[PDB]
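Peer 1: Sequence, then the experimental structure. Questions to follow.
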Amino acid sequence: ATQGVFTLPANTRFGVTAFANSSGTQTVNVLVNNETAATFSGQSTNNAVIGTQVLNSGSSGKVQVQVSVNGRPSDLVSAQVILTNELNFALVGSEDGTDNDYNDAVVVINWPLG
Amino acid sequence: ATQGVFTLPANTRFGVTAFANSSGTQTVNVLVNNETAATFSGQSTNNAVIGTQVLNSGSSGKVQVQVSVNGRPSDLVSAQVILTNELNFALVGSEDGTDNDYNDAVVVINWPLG
Amino acid sequence: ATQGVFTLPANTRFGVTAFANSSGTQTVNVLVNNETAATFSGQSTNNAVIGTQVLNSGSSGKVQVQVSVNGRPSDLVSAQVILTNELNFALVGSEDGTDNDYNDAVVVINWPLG
Amino acid sequence: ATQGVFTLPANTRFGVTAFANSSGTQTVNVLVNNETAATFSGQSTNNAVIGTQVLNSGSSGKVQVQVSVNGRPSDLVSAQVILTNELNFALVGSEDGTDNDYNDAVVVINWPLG
Amino acid sequence: XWXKXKXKXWX
Amino acid sequence: XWXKXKXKXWX
Amino acid sequence: XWXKXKXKXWX
Ligand SMILES: *C(=O)C[C@@H]1O[C@@H](C)[C@@H](O)[C@@H](O)[C@@H]1O
Ligand SMILES: *C(=O)C[C@@H]1O[C@@H](C)[C@@H](O)[C@@H](O)[C@@H]1O
Ligand SMILES: *C(=O)C[C@@H]1O[C@@H](C)[C@@H](O)[C@@H](O)[C@@H]1O
Ligand SMILES: *Cc1ccccc1C*
Ligand SMILES: *Cc1ccccc1C*
Ligand SMILES: *Cc1ccccc1C*
Ligand SMILES: [Ca+2]
Ligand SMILES: [Ca+2]
Ligand SMILES: [Ca+2]
Ligand SMILES: [Ca+2]
Ligand SMILES: [Ca+2]
Ligand SMILES: [Ca+2]
Ligand SMILES: [Ca+2]
Ligand SMILES: [Ca+2]
């Protein structure tokens, strides 16, 4: 199944944050309406925050997270969770190798803000 | 029901990261085995990261998140989500006022690391 | 925080199913737009299904689950999870006593159907 | 990533329930420690319960859900969610066709029971 | 499922 | 409730 | 927080 694609409420500000846990440099692309809106790049085996940004979900609300290492797409896992019918998390893990820890890049999207 | 309390695997390193979306300064305490192990303090209405830290869940694995604003405890909401039976997120929202956006401090715990 | 309240897409059919795990007879009421739309009652300590039904979320989309035992409201916990940006679960647990297993009535709402 | 595999606490009773939303006849197989422990089959486009059963997770705790139609494995999506650090849901959706609703068989595993 | 109708897709 | 296990036998 | 300009109306 497709992973890393989320329909947010349209025209809504949201946060996106990436963490790295791999020997390889993680490239995290965040697409809004199928166009790149943010890119984070970094390497850590200690869960470092390699980037964080506030974006707008635009007219479609479509947000997609892609993760690659040196141009090679990682395998993604994802889900959205909503707490008290208000607070939204869209969550992505990714695997760049063979150990299947799925933490090589971890991406958290959250909304609403403010 | 109790919120903000999670049983992690014992003796395991985990990330904790907090974001702020409120006029008031957020204080985020993370307790491991009932003893304070991390405190973050900061203020933002635009999802700024107010802290990120790798901690050890210790012999009990018990991790508790508390949030307060100038001493007053915020109301918490939380859940744990596991993707592909490997990647764990413990998620906390918190409400310091009356509008029930539950984003005033947002806390993400993730494991495993590395 | 409020629990057991979910905003579904309007005018959408959804499933609601309740299971019991308690000595007490569970009464599960499902409200749509603030009016009772289904009521299940039953007793089991073995996860028996005490009711399942298809309902329409109506013009507002607002669905609320209430649980009581012998007329006393149980304490609720809840969250919504979305898989592959398509498949929705609204999940409720409830506690009628002191052991905090929160399984005394378990209610699963799922959509879309068909 | 692998989907439909969950590590439960060992030696623990759990409920498993399957719902159907497809023109195709669904067969859901539940494996405990790699051995078939329950099988449900049925056909509904109205979320009918095609099976519910109580099983024990055994010495390994490994539970796997498989879904097929006419002998062809459906594509699975899954996640586990824990509420108030106590109430667990292991959730599976499945797709037998091309519309990507992922509800063709929906499987809910819940624990603890009793 | 197979054929034409609601939800049928390629089947 | 009251009795055995997780609270069975009364009520 | 209190007053105007802190979310949506009161609170
Ligand atoms: C075959 O018809 C496809 C199948 O059944 C449809 C009624 C719909 O439920 C679709 O999601 C499913 O794959
Ligand atoms: C007493 O009735 C408590 C009640 O029933 C028990 C069998 C157990 O399920 C407990 O969780 C529940 O609150
Ligand atoms: C007042 O401090 C309330 C507080 O700050 C607002 C800007 C808004 O974020 C609100 O949700 C928060 O509780
Ligand atoms: C009805 C059906 C079952 C399995 C695979 C394909 C199709 C059309
Ligand atoms: C002990 C018990 C359990 C459930 C309902 C009533 C009573 C007295
Ligand atoms: C800002 C705040 C804090 C606590 C209670 C009420 C309000 C408006
Ligand atoms: Ca890896
Ligand atoms: Ca890794
Ligand atoms: Ca607030
Ligand atoms: Ca806020
Ligand atoms: Ca109970
Ligand atoms: Ca119980
Ligand atoms: Ca389908
Ligand atoms: Ca379907």
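Peer 2: Yep, that arrived. Numbering: from 1, shown residues only, chains lettered A, B, ... in the order given. Ligands and ions are numbered 1, 2, ... in the order given.
Peer 1: can you list the residues that contact the strand ranked longest in chain A?
Peer 2: Longest strand in chain A by number of residues (criterion: DSSP state E): strand A:35-56. Strand A:35-56 has contacts (C-beta atoms under 8 Å, 6 or more residues apart in numbering or on different chains) with A:11-32, A:63, A:105-106, A:113, B:15, B:17, B:46-49, B:52, B:54, B:110, B:113-114. No exception for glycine: its C-beta is placed from N, CA and C like everyone else's.
Peer 1: out of those, who's near ligand 5?
Peer 2: By C-beta under 6 Å from any ligand atom, no member of the contacts of strand A:35-56 lies near ligand 5.
Peer 1: Could I get the full set of strands for chain A?
Peer 2: For chain A, the strands defined by DSSP E occupy A:5-7, A:13-32, A:35-56, A:62-69, A:72-73, A:75-83, A:87-95, A:105-111.
Peer 1: State the paired neighbours of the first one in the sheet, together with their directions.
Peer 2: The strands beside strand A:5-7 in its sheet (DSSP bridges) come out as strand A:62-69 (antiparallel).
Peer 1: Compute the distance from the centre of the strand it pairs with to the centre of its chain.
Peer 2: Centre-to-centre, strand A:62-69 and its host chain are 6 Å apart (C-alpha atoms, centre = their mean, to the nearest Å).
Peer 1: what do you get for stretch A:8-21?
Peer 2: Using C-alpha atoms, centre = their mean, the offset of stretch A:8-21 from its chain centre is 7 Å.
Peer 1: close to chain B, is that stretch?
Peer 2: Yes - under the criterion of C-beta under 8 Å from any C-beta of the partner chain, chain B is reached by stretch A:8-21 at A:15, A:17, A:19, A:21.
Peer 1: out of those, which is most surrounded?
Peer 2: Highest neighbour count within these: residue A:19, with 29 neighbours (other C-beta atoms under 10 Å in any protein chain shown).
Peer 1: OK, contacts around it?
Peer 2: A:44, A:47-50, A:103, A:105-108, B:15, B:17, B:110 are the contacts of residue A:19 under C-beta under 8 Å, 6+ apart.
Peer 1: Now compare those and name the two farthest from each other.
Peer 2: Taking C-beta to C-beta as the measure, the contacts of residue A:19 span a maximum distance of 15.3 Å, between A:44 and A:108.
Peer 1: So between the two, which is more surrounded?
Peer 2: Just comparing residue A:44 and residue A:108: by other C-beta under 10 Å the higher neighbour count belongs to residue A:108, 22 against 18.
Peer 1: For the more buried one, give its distance to residue A:18.
Peer 2: Residue A:108 sits 8 Å away from residue A:18, taking C-beta to C-beta, to the nearest Å as the criterion.
Peer 1: of the contacts of residue A:19, closest to chain F?
Peer 2: Minimum distance to chain F across the contacts of residue A:19 is 32.5 Å, recorded for residue B:110 (C-beta to the nearest C-beta).
Peer 1: Correct me if wrong: that closest one contacts residue B:83.
Peer 2: No - judged on C-beta atoms under 8 Å, residue B:110 makes no contact with residue B:83 at a distance of 10.6 Å.
Peer 1: Comparing these two, which residue is more hemmed in?
Peer 2: Each of residue B:110 and residue B:83 has its neighbours counted (other C-beta under 10 Å); residue B:83 has more, 25 against 22.
Peer 1: excluding its backbone neighbours, what's nearest that one?
Peer 2: Spatial nearest neighbour of residue B:83, excluding adjacent residues (C-beta to C-beta, 6 or more residues apart in numbering or on different chains): residue A:77 at 4.3 Å.
Peer 1: repeat for residue A:82
Peer 2: Leaving aside its chain neighbours, residue A:82 sits nearest to residue C:80 (4.1 Å; criterion: C-beta to C-beta, 6+ apart).
Peer 1: Distance-wise, check the one you found relative to residue D:3.
Peer 2: For residue C:80, the distance to residue D:3 under the criterion C-beta to C-beta works out to 19 Å.
Peer 1: One more: residue A:90?
Peer 2: 18 Å.
Peer 1: Can you pick out the residue with more neighbours from the two?
Peer 2: residue A:90 (25 against 22).
Peer 1: Quick one: residues contacting the more buried one.
Peer 2: Contact analysis of residue A:90 by C-beta under 8 Å, 6+ apart lists A:6, A:8, A:63, A:78-80, A:108-110.
Peer 1: Near residue A:59, how many other residues are there?
Peer 2: Other residues close to residue A:59 by other C-beta under 10 Å number 10.
Peer 1: does it really touch residue A:10, like I thought?
Peer 2: Yes - if you go by C-beta under 8 Å, residue A:59 and residue A:10 touch, sitting 5.8 Å apart.
Peer 1: Name the nearest of the contacts of residue A:19 relative to ligand 1.
Peer 2: Using C-beta to the nearest ligand atom, residue A:107 is the member of the contacts of residue A:19 that sits closest to ligand 1, with 29.0 Å.
Peer 1: Report how many residues lie close to that closest one.
Peer 2: Under the neighbour criterion other C-beta under 10 Å, residue A:107 is assigned a count of 24.
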